[PDB]
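A.B. asks: Got a structure for you, written out below as structure tokens; questions coming shortly.
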Amino acid sequence: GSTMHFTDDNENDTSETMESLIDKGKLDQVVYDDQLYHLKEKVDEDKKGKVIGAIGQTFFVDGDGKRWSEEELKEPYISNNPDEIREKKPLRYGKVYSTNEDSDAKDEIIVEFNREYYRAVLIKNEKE
């Protein structure tokens, strides 16, 4: 006796956006090209091999890590109750580059954030 079965494949990515990350407090990982990458360390601009994309986005959060709404942003900063207000941490995203790997891999890339370049890794690629 024997058995016979088969399978099919389909894409399986994070299927989320940059906002979704910040909204939960995921500041150590980013989304670009429908993919999720994990920041590991900061790198020099000479470590890049080529520009591949650009996030260029900008968002803000408070001391709790909540996404500031534009309605909260239009408000005047200086006001009469300095206790009632909240902090606003800006998050400026940078262009994206490739690591100097010269291979088909493309499992790691370099995401710029706060005007500094950091090296990231494909998360969806691993099960960790």
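Please note that chains go A, B, ... in the order of the structure tokens, that every chain numbers its residues from 1, and that ligands are numbered from 1 in the order shown.
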Quick one: which segment 36-59 of chain A residues come within 9 Å of segment 112-122 of chain A, and what is the nearest atom pair for each with the distance in Å to one decimal, counting only C-alpha atoms, rows ordered by chain and ascending number, as CSV?

C.D. replies:
residue,atom,partner,partner_atom,distance
A:36,CA,A:122,CA,6.1
A:37,CA,A:122,CA,4.5
A:38,CA,A:120,CA,5.0
A:39,CA,A:120,CA,4.2
A:40,CA,A:120,CA,5.8
A:41,CA,A:118,CA,5.6
A:42,CA,A:118,CA,3.9
A:43,CA,A:118,CA,5.2
A:44,CA,A:117,CA,6.5
A:45,CA,A:117,CA,6.6
A:48,CA,A:117,CA,8.9
A:54,CA,A:112,CA,8.7
A:55,CA,A:112,CA,8.3
A:56,CA,A:112,CA,8.9

A.B. asks: Just want the 9 Å neighbourhood of residue 87 of chain A, counted on only C-alpha atoms, with same-chain residues fewer than 6 positions away dropped. Output as a ChimeraX atom specification.

C.D. replies: /A:61-63

A.B. asks: Using only C-alpha atoms, pick whichever of A:79, A:52, A:69, A:47 has the shortest atom-to-atom distance to residue 101 of chain A.

C.D. replies: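 Among A:79, A:52, A:69, A:47, it is A:47 that comes nearest to residue 101 of chain A.
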
A.B. asks: Per DSSP on the backbone, what are the helix (DSSP H, G or I) residues of chain A, as a ChimeraX atom specification?

C.D. replies: /A:18-24,70-73

A.B. asks: I need the residues in segment 52-107 of chain A that are strand (DSSP E or B) according to DSSP; give them as a list in words.

C.D. replies: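 Taking segment 52-107 of chain A and keeping strand (DSSP E or B) gives residues 52, 53, 54, 58, 59, 60, 61, 67, 89, 90, 91, 92, 93, 94, 95, 96, 97, 98 and 99 of chain A.
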
A.B. asks: Please produce a file of those selected residues containing C-alpha atoms, as a PDB file, in the first residue's frame.

C.D. replies:
ATOM      1  CA  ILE A  52      15.958  50.090  -3.861  1.00  0.00           C
ATOM      2  CA  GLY A  53      12.972  52.099  -2.496  1.00  0.00           C
ATOM      3  CA  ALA A  54      12.038  54.959  -0.126  1.00  0.00           C
ATOM      4  CA  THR A  58       6.566  60.662   9.019  1.00  0.00           C
ATOM      5  CA  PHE A  59       4.372  59.873  12.040  1.00  0.00           C
ATOM      6  CA  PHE A  60       4.142  60.881  15.750  1.00  0.00           C
ATOM      7  CA  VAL A  61       3.391  59.072  19.061  1.00  0.00           C
ATOM      8  CA  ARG A  67      -0.569  57.310  17.139  1.00  0.00           C
ATOM      9  CA  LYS A  89       7.782  61.974  19.573  1.00  0.00           C
ATOM     10  CA  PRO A  90       8.301  62.509  15.797  1.00  0.00           C
ATOM     11  CA  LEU A  91       9.207  59.406  13.705  1.00  0.00           C
ATOM     12  CA  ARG A  92      10.873  60.419  10.381  1.00  0.00           C
ATOM     13  CA  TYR A  93      11.431  57.597   7.889  1.00  0.00           C
ATOM     14  CA  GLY A  94      14.254  57.469   5.371  1.00  0.00           C
ATOM     15  CA  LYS A  95      14.962  56.062   1.914  1.00  0.00           C
ATOM     16  CA  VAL A  96      15.865  52.294   1.622  1.00  0.00           C
ATOM     17  CA  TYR A  97      18.981  50.553   0.272  1.00  0.00           C
ATOM     18  CA  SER A  98      20.363  47.026  -0.294  1.00  0.00           C
ATOM     19  CA  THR A  99      23.104  45.423   1.808  1.00  0.00           C
TER      20      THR A  99
END

A.B. asks: If I take atom CA of residue 31 of chain A and atom CA of residue 14 of chain A, how far is one from the other in Å, to one decimal?

C.D. replies: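 It comes out at 8.6 Å.
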